[PDB]
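With PDB, C-alpha atoms and all ligand atoms inside, this is target_37.pdb:
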```
MODEL        1
ATOM      1  CA  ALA I   6       2.014  79.008 -20.597
ATOM      2  CA  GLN I   7       5.083  78.799 -22.828
ATOM      3  CA  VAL I   8       8.113  76.917 -21.478
ATOM      4  CA  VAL I   9      10.968  79.417 -21.231
ATOM      5  CA  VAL I  10      14.174  77.891 -22.654
ATOM      6  CA  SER I  11      17.540  79.462 -21.897
ATOM      7  CA  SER I  12      21.280  78.758 -21.735
ATOM      8  CA  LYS I  13      24.591  80.304 -20.807
ATOM      9  CA  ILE I  14      26.065  82.756 -23.292
ATOM     10  CA  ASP I  15      28.879  80.513 -24.666
ATOM     11  CA  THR I  16      28.765  78.518 -27.924
ATOM     12  CA  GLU I  17      27.864  75.220 -26.299
ATOM     13  CA  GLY I  18      25.049  76.910 -24.366
ATOM     14  CA  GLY I  19      23.630  78.073 -27.703
ATOM     15  CA  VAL I  20      23.928  74.588 -29.174
ATOM     16  CA  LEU I  21      22.439  72.743 -26.184
ATOM     17  CA  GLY I  22      19.772  75.389 -25.594
ATOM     18  CA  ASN I  23      18.640  75.174 -29.213
ATOM     19  CA  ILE I  24      18.605  71.381 -28.962
ATOM     20  CA  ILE I  25      16.258  71.633 -25.951
ATOM     21  CA  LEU I  26      14.114  74.256 -27.705
ATOM     22  CA  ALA I  27      13.804  72.202 -30.897
ATOM     23  CA  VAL I  28      12.934  68.953 -29.074
ATOM     24  CA  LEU I  29      10.195  70.765 -27.133
ATOM     25  CA  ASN I  30       8.786  72.371 -30.318
ATOM     26  CA  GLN I  31       8.873  69.094 -32.271
ATOM     27  CA  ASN I  32       6.832  67.496 -29.471
ATOM     28  CA  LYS I  33       4.249  70.328 -29.483
ATOM     29  CA  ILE I  34       5.390  72.108 -26.320
ATOM     30  CA  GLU I  35       5.315  75.831 -27.020
ATOM     31  CA  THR I  36       8.343  77.796 -25.954
ATOM     32  CA  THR I  37       9.788  81.222 -25.334
ATOM     33  CA  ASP I  38      13.387  81.599 -26.538
ATOM     34  CA  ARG I  39      15.753  83.213 -23.992
ATOM     35  CA  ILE I  40      18.834  81.287 -25.170
ATOM     36  CA  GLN I  41      22.305  82.677 -24.325
ATOM     37  CA  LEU I  42      20.902  84.945 -21.623
ATOM     38  CA  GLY I  43      24.154  85.433 -19.726
ATOM     39  CA  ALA I  44      26.987  83.940 -17.719
ATOM     40  CA  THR I  45      26.384  81.189 -15.160
ATOM     41  CA  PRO I  46      25.488  83.543 -12.268
ATOM     42  CA  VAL I  47      22.883  85.371 -14.390
ATOM     43  CA  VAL I  48      21.269  82.123 -15.594
ATOM     44  CA  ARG I  49      21.273  80.651 -12.053
ATOM     45  CA  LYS I  50      19.620  83.796 -10.703
ATOM     46  CA  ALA I  51      17.041  83.581 -13.513
ATOM     47  CA  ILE I  52      16.034  79.930 -12.953
ATOM     48  CA  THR I  53      15.872  80.305  -9.146
ATOM     49  CA  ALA I  54      13.745  83.474  -9.624
ATOM     50  CA  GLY I  55      11.396  81.656 -12.059
ATOM     51  CA  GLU I  56      12.360  83.895 -15.026
ATOM     52  CA  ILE I  57      13.483  80.882 -17.086
ATOM     53  CA  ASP I  58      12.272  77.282 -16.935
ATOM     54  CA  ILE I  59      14.869  74.968 -18.518
ATOM     55  CA  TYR I  60      18.520  75.333 -19.560
ATOM     56  CA  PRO I  61      21.718  73.216 -19.842
ATOM     57  CA  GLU I  62      23.906  73.176 -16.716
ATOM     58  CA  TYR I  63      27.062  71.174 -15.916
ATOM     59  CA  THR I  64      27.236  68.724 -13.009
ATOM     60  CA  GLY I  65      30.539  70.016 -11.607
ATOM     61  CA  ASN I  66      29.239  73.593 -11.482
ATOM     62  CA  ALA I  67      27.009  72.524  -8.598
ATOM     63  CA  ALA I  68      30.242  72.447  -6.558
ATOM     64  CA  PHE I  69      30.325  76.236  -6.713
ATOM     65  CA  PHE I  70      26.538  76.794  -6.280
ATOM     66  CA  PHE I  71      26.444  74.742  -3.097
ATOM     67  CA  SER I  72      29.776  75.704  -1.466
ATOM     68  CA  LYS I  73      31.516  72.382  -2.130
ATOM     69  CA  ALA I  74      34.266  73.415  -4.572
ATOM     70  CA  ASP I  75      36.889  71.626  -2.473
ATOM     71  CA  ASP I  76      34.946  68.340  -2.244
ATOM     72  CA  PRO I  77      36.580  65.429  -4.134
ATOM     73  CA  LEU I  78      33.169  63.944  -5.016
ATOM     74  CA  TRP I  79      32.942  66.133  -8.161
ATOM     75  CA  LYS I  80      35.804  64.192  -9.748
ATOM     76  CA  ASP I  81      33.542  61.095  -9.831
ATOM     77  CA  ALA I  82      31.036  61.590 -12.698
ATOM     78  CA  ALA I  83      28.202  59.552 -11.149
ATOM     79  CA  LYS I  84      28.659  61.018  -7.664
ATOM     80  CA  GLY I  85      28.771  64.559  -9.056
ATOM     81  CA  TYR I  86      25.575  64.047 -11.026
ATOM     82  CA  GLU I  87      23.708  62.624  -8.007
ATOM     83  CA  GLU I  88      24.927  65.407  -5.713
ATOM     84  CA  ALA I  89      23.959  68.132  -8.196
ATOM     85  CA  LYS I  90      20.527  66.537  -8.693
ATOM     86  CA  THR I  91      19.858  66.055  -4.972
ATOM     87  CA  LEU I  92      20.983  69.516  -3.868
ATOM     88  CA  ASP I  93      19.154  71.435  -6.615
ATOM     89  CA  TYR I  94      15.938  69.530  -5.880
ATOM     90  CA  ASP I  95      16.138  69.866  -2.099
ATOM     91  CA  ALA I  96      17.247  73.518  -2.132
ATOM     92  CA  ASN I  97      15.504  74.908  -5.212
ATOM     93  CA  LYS I  98      13.012  72.339  -6.565
ATOM     94  CA  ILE I  99      15.034  72.304  -9.771
ATOM     95  CA  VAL I 100      14.968  68.866 -11.467
ATOM     96  CA  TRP I 101      18.158  67.594 -13.195
ATOM     97  CA  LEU I 102      17.290  65.453 -16.204
ATOM     98  CA  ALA I 103      19.484  62.851 -17.922
ATOM     99  CA  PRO I 104      23.038  64.038 -18.629
ATOM    100  CA  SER I 105      25.216  63.914 -21.717
ATOM    101  CA  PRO I 106      28.249  61.625 -21.250
ATOM    102  CA  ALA I 107      30.575  64.418 -22.474
ATOM    103  CA  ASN I 108      33.055  65.722 -19.853
ATOM    104  CA  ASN I 109      33.677  69.414 -20.690
ATOM    105  CA  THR I 110      36.565  69.932 -18.277
ATOM    106  CA  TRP I 111      40.208  71.035 -18.395
ATOM    107  CA  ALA I 112      42.164  68.554 -20.488
ATOM    108  CA  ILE I 113      45.193  67.877 -22.658
ATOM    109  CA  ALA I 114      44.596  67.242 -26.363
ATOM    110  CA  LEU I 115      47.304  65.754 -28.586
ATOM    111  CA  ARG I 116      47.944  65.971 -32.295
ATOM    112  CA  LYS I 117      46.198  62.947 -33.802
ATOM    113  CA  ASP I 118      49.371  61.848 -35.631
ATOM    114  CA  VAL I 119      51.337  61.691 -32.358
ATOM    115  CA  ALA I 120      48.471  59.948 -30.510
ATOM    116  CA  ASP I 121      48.041  57.345 -33.262
ATOM    117  CA  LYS I 122      51.783  56.658 -33.680
ATOM    118  CA  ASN I 123      52.272  56.116 -29.941
ATOM    119  CA  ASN I 124      48.884  54.555 -29.093
ATOM    120  CA  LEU I 125      48.041  57.352 -26.633
ATOM    121  CA  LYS I 126      44.382  57.481 -25.579
ATOM    122  CA  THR I 127      44.485  58.270 -21.844
ATOM    123  CA  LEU I 128      46.440  60.576 -19.547
ATOM    124  CA  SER I 129      47.990  57.417 -18.034
ATOM    125  CA  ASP I 130      49.316  56.566 -21.545
ATOM    126  CA  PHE I 131      50.543  60.156 -21.911
ATOM    127  CA  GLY I 132      52.388  60.060 -18.556
ATOM    128  CA  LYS I 133      54.177  56.822 -19.518
ATOM    129  CA  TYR I 134      55.143  58.359 -22.881
ATOM    130  CA  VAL I 135      56.494  61.601 -21.345
ATOM    131  CA  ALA I 136      58.286  59.886 -18.442
ATOM    132  CA  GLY I 137      59.941  57.536 -20.925
ATOM    133  CA  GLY I 138      61.423  60.426 -22.935
ATOM    134  CA  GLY I 139      58.698  60.939 -25.520
ATOM    135  CA  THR I 140      58.730  64.120 -27.557
ATOM    136  CA  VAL I 141      56.229  66.694 -26.325
ATOM    137  CA  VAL I 142      55.679  70.433 -26.361
ATOM    138  CA  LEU I 143      52.485  71.487 -24.589
ATOM    139  CA  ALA I 144      50.886  74.870 -25.191
ATOM    140  CA  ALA I 145      49.159  76.005 -22.004
ATOM    141  CA  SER I 146      48.302  79.012 -19.897
ATOM    142  CA  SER I 147      50.433  80.091 -16.949
ATOM    143  CA  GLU I 148      47.471  79.267 -14.683
ATOM    144  CA  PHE I 149      47.272  75.714 -16.081
ATOM    145  CA  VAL I 150      51.042  75.157 -15.682
ATOM    146  CA  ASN I 151      51.232  76.546 -12.150
ATOM    147  CA  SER I 152      47.906  76.191 -10.293
ATOM    148  CA  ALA I 153      47.866  73.206  -7.905
ATOM    149  CA  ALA I 154      44.705  71.651  -9.354
ATOM    150  CA  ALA I 155      45.844  71.767 -13.010
ATOM    151  CA  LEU I 156      49.097  70.505 -14.603
ATOM    152  CA  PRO I 157      50.770  69.843 -11.190
ATOM    153  CA  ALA I 158      47.899  67.506 -10.278
ATOM    154  CA  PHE I 159      48.099  65.740 -13.649
ATOM    155  CA  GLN I 160      51.883  65.364 -13.195
ATOM    156  CA  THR I 161      51.531  63.806  -9.738
ATOM    157  CA  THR I 162      48.716  61.422 -10.603
ATOM    158  CA  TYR I 163      49.997  60.293 -14.008
ATOM    159  CA  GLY I 164      53.701  60.068 -13.178
ATOM    160  CA  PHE I 165      55.376  62.677 -15.365
ATOM    161  CA  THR I 166      56.870  66.137 -15.198
ATOM    162  CA  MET I 167      57.134  68.757 -17.938
ATOM    163  CA  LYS I 168      60.432  70.569 -18.468
ATOM    164  CA  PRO I 169      60.527  74.242 -19.426
ATOM    165  CA  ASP I 170      61.560  73.274 -22.990
ATOM    166  CA  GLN I 171      58.420  71.079 -23.214
ATOM    167  CA  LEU I 172      56.071  74.017 -22.553
ATOM    168  CA  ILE I 173      54.786  77.030 -24.472
ATOM    169  CA  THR I 174      53.357  79.161 -21.691
ATOM    170  CA  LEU I 175      50.806  81.830 -22.581
ATOM    171  CA  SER I 176      49.576  84.633 -20.303
ATOM    172  CA  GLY I 177      45.840  84.125 -20.810
ATOM    173  CA  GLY I 178      43.394  81.252 -20.435
ATOM    174  CA  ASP I 179      41.816  81.248 -23.916
ATOM    175  CA  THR I 180      42.148  77.779 -25.420
ATOM    176  CA  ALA I 181      41.889  79.297 -28.924
ATOM    177  CA  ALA I 182      45.615  80.134 -28.805
ATOM    178  CA  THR I 183      46.761  76.807 -27.342
ATOM    179  CA  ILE I 184      44.637  74.720 -29.719
ATOM    180  CA  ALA I 185      46.049  76.702 -32.667
ATOM    181  CA  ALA I 186      49.636  76.292 -31.443
ATOM    182  CA  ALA I 187      49.298  72.490 -31.388
ATOM    183  CA  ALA I 188      47.319  72.423 -34.654
ATOM    184  CA  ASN I 189      50.075  74.406 -36.396
ATOM    185  CA  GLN I 190      53.093  72.912 -34.611
ATOM    186  CA  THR I 191      54.196  76.388 -33.521
ATOM    187  CA  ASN I 192      57.606  76.033 -31.869
ATOM    188  CA  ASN I 193      57.130  72.239 -32.214
ATOM    189  CA  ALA I 194      53.893  72.200 -30.208
ATOM    190  CA  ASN I 195      52.113  68.842 -30.344
ATOM    191  CA  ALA I 196      49.758  69.137 -27.342
ATOM    192  CA  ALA I 197      47.332  71.769 -26.078
ATOM    193  CA  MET I 198      45.437  72.778 -22.993
ATOM    194  CA  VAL I 199      41.752  72.555 -23.911
ATOM    195  CA  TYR I 200      38.329  72.121 -22.428
ATOM    196  CA  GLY I 201      36.954  68.757 -23.483
ATOM    197  CA  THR I 202      34.200  69.843 -25.876
ATOM    198  CA  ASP I 203      35.973  72.897 -27.368
ATOM    199  CA  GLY I 204      34.795  73.390 -30.977
ATOM    200  CA  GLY I 205      38.356  74.118 -32.096
ATOM    201  CA  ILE I 206      39.427  70.558 -31.326
ATOM    202  CA  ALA I 207      37.492  68.960 -34.209
ATOM    203  CA  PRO I 208      38.954  70.785 -37.228
ATOM    204  CA  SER I 209      42.426  71.219 -35.641
ATOM    205  CA  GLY I 210      43.189  67.484 -35.795
ATOM    206  CA  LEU I 211      43.589  67.117 -32.037
ATOM    207  CA  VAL I 212      42.303  64.409 -29.721
ATOM    208  CA  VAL I 213      41.413  64.770 -26.036
ATOM    209  CA  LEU I 214      43.167  62.393 -23.639
ATOM    210  CA  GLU I 215      40.841  60.580 -21.250
ATOM    211  CA  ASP I 216      41.214  61.576 -17.580
ATOM    212  CA  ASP I 217      41.248  57.891 -16.621
ATOM    213  CA  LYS I 218      42.294  58.481 -12.980
ATOM    214  CA  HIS I 219      39.849  61.365 -12.517
ATOM    215  CA  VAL I 220      42.123  64.302 -11.632
ATOM    216  CA  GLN I 221      39.706  67.016 -12.796
ATOM    217  CA  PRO I 222      36.161  67.697 -11.632
ATOM    218  CA  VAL I 223      33.568  66.388 -14.098
ATOM    219  CA  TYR I 224      31.384  68.812 -16.090
ATOM    220  CA  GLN I 225      28.616  66.808 -17.791
ATOM    221  CA  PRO I 226      25.882  68.937 -19.343
ATOM    222  CA  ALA I 227      22.261  68.117 -18.485
ATOM    223  CA  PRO I 228      18.975  69.925 -18.980
ATOM    224  CA  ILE I 229      17.663  71.214 -15.619
ATOM    225  CA  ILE I 230      14.056  72.330 -15.215
ATOM    226  CA  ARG I 231      11.866  74.022 -12.588
ATOM    227  CA  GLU I 232       9.722  71.321 -10.970
ATOM    228  CA  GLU I 233       6.455  73.190 -11.515
ATOM    229  CA  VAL I 234       7.092  73.341 -15.269
ATOM    230  CA  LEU I 235       8.071  69.653 -15.444
ATOM    231  CA  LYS I 236       4.852  68.734 -13.583
ATOM    232  CA  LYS I 237       2.894  70.612 -16.293
ATOM    233  CA  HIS I 238       4.839  68.826 -19.077
ATOM    234  CA  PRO I 239       6.045  65.561 -17.527
ATOM    235  CA  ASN I 240       7.094  64.033 -20.874
ATOM    236  CA  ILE I 241      10.015  66.515 -21.199
ATOM    237  CA  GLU I 242      12.161  64.153 -19.106
ATOM    238  CA  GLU I 243      11.812  61.114 -21.362
ATOM    239  CA  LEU I 244      11.933  63.249 -24.561
ATOM    240  CA  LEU I 245      15.360  64.703 -23.682
ATOM    241  CA  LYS I 246      16.922  61.470 -22.371
ATOM    242  CA  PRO I 247      17.947  59.751 -25.646
ATOM    243  CA  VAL I 248      18.869  63.141 -27.133
ATOM    244  CA  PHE I 249      21.429  63.972 -24.438
ATOM    245  CA  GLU I 250      22.671  60.365 -24.357
ATOM    246  CA  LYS I 251      23.795  60.828 -27.988
ATOM    247  CA  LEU I 252      25.847  63.949 -27.157
ATOM    248  CA  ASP I 253      29.243  62.302 -26.614
ATOM    249  CA  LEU I 254      32.499  64.313 -26.516
ATOM    250  CA  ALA I 255      33.276  64.132 -30.238
ATOM    251  CA  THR I 256      29.660  64.817 -31.270
ATOM    252  CA  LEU I 257      29.561  67.952 -29.095
ATOM    253  CA  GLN I 258      32.990  69.087 -30.354
ATOM    254  CA  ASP I 259      31.668  68.794 -33.898
ATOM    255  CA  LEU I 260      28.427  70.694 -33.214
ATOM    256  CA  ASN I 261      30.334  73.462 -31.447
ATOM    257  CA  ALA I 262      32.789  73.646 -34.363
ATOM    258  CA  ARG I 263      29.947  74.108 -36.815
ATOM    259  CA  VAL I 264      28.951  77.235 -34.998
ATOM    260  CA  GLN I 265      32.326  78.648 -33.930
ATOM    261  CA  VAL I 266      34.452  77.550 -36.934
ATOM    262  CA  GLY I 267      31.858  76.925 -39.665
ATOM    263  CA  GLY I 268      29.857  80.048 -38.803
ATOM    264  CA  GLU I 269      26.521  78.175 -38.802
ATOM    265  CA  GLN I 270      23.570  79.320 -36.684
ATOM    266  CA  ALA I 271      23.078  77.235 -33.523
ATOM    267  CA  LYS I 272      19.387  76.773 -34.395
ATOM    268  CA  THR I 273      20.376  75.127 -37.703
ATOM    269  CA  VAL I 274      23.078  72.980 -36.130
ATOM    270  CA  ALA I 275      20.636  71.784 -33.442
ATOM    271  CA  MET I 276      17.922  70.889 -35.970
ATOM    272  CA  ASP I 277      20.411  69.018 -38.202
ATOM    273  CA  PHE I 278      21.609  67.002 -35.177
ATOM    274  CA  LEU I 279      18.033  66.095 -34.248
ATOM    275  CA  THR I 280      16.949  65.223 -37.820
ATOM    276  CA  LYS I 281      20.093  63.106 -38.366
ATOM    277  CA  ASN I 282      19.337  61.116 -35.202
ATOM    278  CA  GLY I 283      15.558  60.741 -35.669
ATOM    279  CA  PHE I 284      14.459  63.192 -32.955
ATOM    280  CA  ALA I 285      12.905  65.724 -35.333
ATOM    281  CA  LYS I 286      11.487  66.079 -38.829
TER     282      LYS I 286
HETATM  283 CL    CL Y 301      31.779  61.092 -24.079
ENDMDL
END
```

Could you write out this structure as structure tokens?
Amino acid sequence: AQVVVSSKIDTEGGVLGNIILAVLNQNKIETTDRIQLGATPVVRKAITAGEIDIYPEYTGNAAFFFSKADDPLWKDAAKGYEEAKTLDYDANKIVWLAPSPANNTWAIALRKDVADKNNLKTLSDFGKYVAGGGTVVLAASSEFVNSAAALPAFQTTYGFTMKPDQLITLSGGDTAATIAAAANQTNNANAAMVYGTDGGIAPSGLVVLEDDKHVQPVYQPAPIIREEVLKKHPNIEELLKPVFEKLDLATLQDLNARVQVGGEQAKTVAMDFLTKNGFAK
């Protein structure tokens, strides 16, 4: 029986799904390609119904699957991973394999020139800079500026507030527009609302600030696999471990950018990543 590989329909799903596919093929596990099948609900329905076997899911998404969206545990990367793994095994006999360290969550990215000049690496650094009178204009969605769990939470935890003249507020939630604003200094923008592994970040010369006090839930991608399929191919676990360990934030940003900015096929990007790191030939 072929192992059915899938993913969510977004760019990163295509990248991670093709990475899984290629690792399996290189290690002589035959596959069926159902990559980029649909949105999260469609892919969840498919794996629980046994229509797909393995795909990349994010730790923090388990908060929504298991009716725990309001639980603070998801903001702790290790706790979130363990809770996702335990619940999906107990409820669904789905096995979570080793995660990537990349946190693909709501974030603030700064222009690299501003970050370098002011030695800003973390949101704590950013709060100190803003509170002290540092020059900032942040491009963000109305939802990000106003929803309790977003900018307001960052402001409270990191000790800063943003004035109206320090914000470019857009109606929609697409980070394409906010990334571009900061990249181009539109209306003096030097910061953008992003998700951590957004492909646009790499070529736009922005850098994601670390959420060092853990305000946002953590979304680490990991391959997850139906137990019965893993039992048939038990080496899948160890084969994917070093591969996902190498997928740090900047590496994933770059791979995503190759697809969504460079126009490369995800299959090609995945194979190049594996060959470069000794996981394929
Ligand atoms: Cl990382």

Go through I:196, I:245, I:57, I:107 one by one, measure the shortest atom-to-atom distance of each to ligand CL 301 (chain Y) using only C-alpha atoms and all ligand atoms, and give the residue with the smallest value.
->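 With only C-alpha atoms and all ligand atoms as the atom set, the closest residue is I:107.
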
Could you write out as number ranges by chain the residues that the PyMOL selection byres (((chain I and resi 225) around 9) and not hetatm) matches in the shown file?
-> I: 62-65, 82, 86, 104-110, 223-224, 226-227

For C-alpha atoms, I'd like the residues from the last selection saved as a PDB file, in the coordinates of the input.
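Printed below is again.pdb as written:
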```pdb
ATOM      1  CA  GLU I  62      23.906  73.176 -16.716  1.00  0.00           C
ATOM      2  CA  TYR I  63      27.062  71.174 -15.916  1.00  0.00           C
ATOM      3  CA  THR I  64      27.236  68.724 -13.009  1.00  0.00           C
ATOM      4  CA  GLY I  65      30.539  70.016 -11.607  1.00  0.00           C
ATOM      5  CA  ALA I  82      31.036  61.590 -12.698  1.00  0.00           C
ATOM      6  CA  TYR I  86      25.575  64.047 -11.026  1.00  0.00           C
ATOM      7  CA  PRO I 104      23.038  64.038 -18.629  1.00  0.00           C
ATOM      8  CA  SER I 105      25.216  63.914 -21.717  1.00  0.00           C
ATOM      9  CA  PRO I 106      28.249  61.625 -21.250  1.00  0.00           C
ATOM     10  CA  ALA I 107      30.575  64.418 -22.474  1.00  0.00           C
ATOM     11  CA  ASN I 108      33.055  65.722 -19.853  1.00  0.00           C
ATOM     12  CA  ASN I 109      33.677  69.414 -20.690  1.00  0.00           C
ATOM     13  CA  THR I 110      36.565  69.932 -18.277  1.00  0.00           C
ATOM     14  CA  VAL I 223      33.568  66.388 -14.098  1.00  0.00           C
ATOM     15  CA  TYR I 224      31.384  68.812 -16.090  1.00  0.00           C
ATOM     16  CA  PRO I 226      25.882  68.937 -19.343  1.00  0.00           C
ATOM     17  CA  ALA I 227      22.261  68.117 -18.485  1.00  0.00           C
TER      18      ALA I 227
END
```

Surrounding residues of residue 228 (chain I) excluding itself and chain neighbours under 6 positions, 6 Å, all atoms listed in the file, as a PyMOL selection string | chain I and resi 60-61+102

Contacts of region 272-278 of chain I within 8 Å, all atoms listed in the file, excl. fewer than 6 positions in-chain, as a PyMOL selection string | chain I and resi 20-21+23-24+27+260+263-264+285

Which of these residues is nearest to ligand CL 301 (chain Y), using only C-alpha atoms and all ligand atoms: I:77, I:247, I:157, I:201?
->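 For ligand CL 301 (chain Y), the nearest of the given residues is I:201.
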
Nearest candidate to ligand CL 301 (chain Y) (options I:184, I:155, I:234, I:257; using all atoms listed in the file) |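 Counting all atoms listed in the file, the residue closest to ligand CL 301 (chain Y) is I:257.
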
Which residue out of I:262, I:153, I:128, I:59 has the minimum interatomic distance to residue 214 (chain I) when only C-alpha atoms are used?
->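 Using only C-alpha atoms, residue 214 (chain I) sits closest to I:128.
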
Taking the file as shown, find all residues satisfying the PyMOL selection byres (((chain I and resi 165) around 9) and not hetatm) and write them as a ChimeraX atom specification.
-> /I:131-137,159-164,166-167

C-alpha atoms of the current selection, written as a JSON list (two decimals), in the frame of the given file:
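To be explicit, this is the file written out as out_33.json:
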```
[["chain", "number", "residue", "atom", "x", "y", "z"],
["I", 131, "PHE", "CA", 50.54, 60.16, -21.91],
["I", 132, "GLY", "CA", 52.39, 60.06, -18.56],
["I", 133, "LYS", "CA", 54.18, 56.82, -19.52],
["I", 134, "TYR", "CA", 55.14, 58.36, -22.88],
["I", 135, "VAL", "CA", 56.49, 61.60, -21.34],
["I", 136, "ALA", "CA", 58.29, 59.89, -18.44],
["I", 137, "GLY", "CA", 59.94, 57.54, -20.92],
["I", 159, "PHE", "CA", 48.10, 65.74, -13.65],
["I", 160, "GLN", "CA", 51.88, 65.36, -13.20],
["I", 161, "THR", "CA", 51.53, 63.81, -9.74],
["I", 162, "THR", "CA", 48.72, 61.42, -10.60],
["I", 163, "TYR", "CA", 50.00, 60.29, -14.01],
["I", 164, "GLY", "CA", 53.70, 60.07, -13.18],
["I", 166, "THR", "CA", 56.87, 66.14, -15.20],
["I", 167, "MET", "CA", 57.13, 68.76, -17.94]]
```

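Across the structure, CA of residue 33 (chain I) and CA of residue 232 (chain I) are spaced 19.3 Å apart.
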
For residue 84 (chain I), the nearest of the candidates I:222, I:12, I:249, I:174, counting all atoms listed in the file = I:222

Dump as a PyMOL selection string all residues having an atom at most 9 Å from (44.1, 64.1, -21.5), computed in the file's coordinates with all atoms listed in the file.
-> chain I and resi 111-115+126-129+131+159+198+201+212-217

Which neighbours of residue 67 (chain I) fall inside 10 Å, counting all atoms listed in the file, when residues of the same chain fewer than 3 positions from it are skipped, and could you give them as a compact mmCIF listing (two decimals) with C-alpha atoms, in the coordinates of the input?
```txt
# COMPACT_ATOMS: atom_id res chain seq x y z
CA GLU I 62 23.91 73.18 -16.72
CA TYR I 63 27.06 71.17 -15.92
CA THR I 64 27.24 68.72 -13.01
CA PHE I 70 26.54 76.79 -6.28
CA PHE I 71 26.44 74.74 -3.10
CA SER I 72 29.78 75.70 -1.47
CA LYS I 73 31.52 72.38 -2.13
CA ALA I 74 34.27 73.42 -4.57
CA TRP I 79 32.94 66.13 -8.16
CA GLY I 85 28.77 64.56 -9.06
CA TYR I 86 25.58 64.05 -11.03
CA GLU I 88 24.93 65.41 -5.71
CA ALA I 89 23.96 68.13 -8.20
CA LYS I 90 20.53 66.54 -8.69
CA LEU I 92 20.98 69.52 -3.87
CA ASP I 93 19.15 71.44 -6.62
CA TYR I 224 31.38 68.81 -16.09
```

Translate the PyMOL selection byres (((chain I and resi 143) around 9) and not hetatm), as applied to the file shown, into an explicit residue set as a ChimeraX atom specification.
-> /I:113,115,141-142,144-145,167,171-174,183,186-187,193-198

Exercise: residue 37 (chain I) partners within 8 Å, all atoms listed in the file, chain neighbours under 6 positions left out, as a PyMOL selection string | chain I and resi 7-10

Residue 258 (chain I) environment, 8 Å, all atoms listed in the file, sequence neighbours closer than 4 positions dropped, as a PyMOL selection string | chain I and resi 201-207+254+262

With distances taken over only C-alpha atoms, which of I:182, I:51, I:42, I:175 is nearest to residue 149 (chain I)?
->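 When distances to residue 149 (chain I) are compared using only C-alpha atoms, the smallest one comes from I:175.
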
Which distance in Å separates CA of residue 52 (chain I) and CA of residue 100 (chain I), to one decimal?
->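 Rounded to one decimal, the two atoms are 11.2 Å apart.
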
Point (25.8, 85.0, -22.4), cut-off 7 Å, counting only C-alpha atoms, residues as an NGL selection string | :I and (13-15 or 41-44)

Preceding selection exported with C-alpha atoms as a short mmCIF file (atom, residue, chain, number, x, y, z; two decimals), keeping the file's coordinate frame:
```
data_model
loop_
_atom_site.label_atom_id
_atom_site.label_comp_id
_atom_site.auth_asym_id
_atom_site.auth_seq_id
_atom_site.Cartn_x
_atom_site.Cartn_y
_atom_site.Cartn_z
CA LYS I 13 24.59 80.30 -20.81
CA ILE I 14 26.06 82.76 -23.29
CA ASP I 15 28.88 80.51 -24.67
CA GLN I 41 22.30 82.68 -24.32
CA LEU I 42 20.90 84.94 -21.62
CA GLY I 43 24.15 85.43 -19.73
CA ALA I 44 26.99 83.94 -17.72
#
```

Separation of CA of residue 19 (chain I) from CA of residue 189 (chain I) in Å =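 We find that CA of residue 189 (chain I) and CA of residue 19 (chain I) lie 28.1 Å from each other.
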